[PDB]
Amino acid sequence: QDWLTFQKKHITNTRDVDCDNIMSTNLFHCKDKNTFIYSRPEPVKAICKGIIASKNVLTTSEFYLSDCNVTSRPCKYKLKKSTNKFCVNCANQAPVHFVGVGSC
């Protein structure tokens, strides 16, 4: 919805995200899935430089991604680590929503 919330929802300072902990917090509230980008925020913000009006943008190269995917046990997850391009909604020069991995 905005850059600060995007960072909280989608940028991790560890590849080894503790999914069962973080996904249970208010921001994620035990939802099925969330993708985190294992990176410092600066190169992530740069994806959207100069983009004013809302537009989906696929990154030009790959980043390290840590996905929390729910199992069939309520609010218990498995972590998956990978690299890929990813797509974000850019608005006012910052990522404000995570769209997808590999494609918009």
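Position 1 is the first residue in the sequence shown; the rest follow in order.
Test of understanding: from the entry's C-alpha B-factors, which stretch has the higher mean, 22 to 30 or 57 to 65?
According to the PDB entry, the answer is 22 to 30.
Averaging C-alpha B-factors over each stretch, which comes out higher, 70 to 78 or 41 to 49?
The entry gives the higher C-alpha B-factor average to 41 to 49.
What third of the chain does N89 rank in for C-alpha temperature factor, lowest, middle or highest?
For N89, the deposited C-alpha B-factor lands in the middle third.
Sorting the chain's modelled residues by C-alpha B-factor, tell me whether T12 ends up in the lowest, middle or highest third.
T12: CA B-factor falls in the middle third of its chain.
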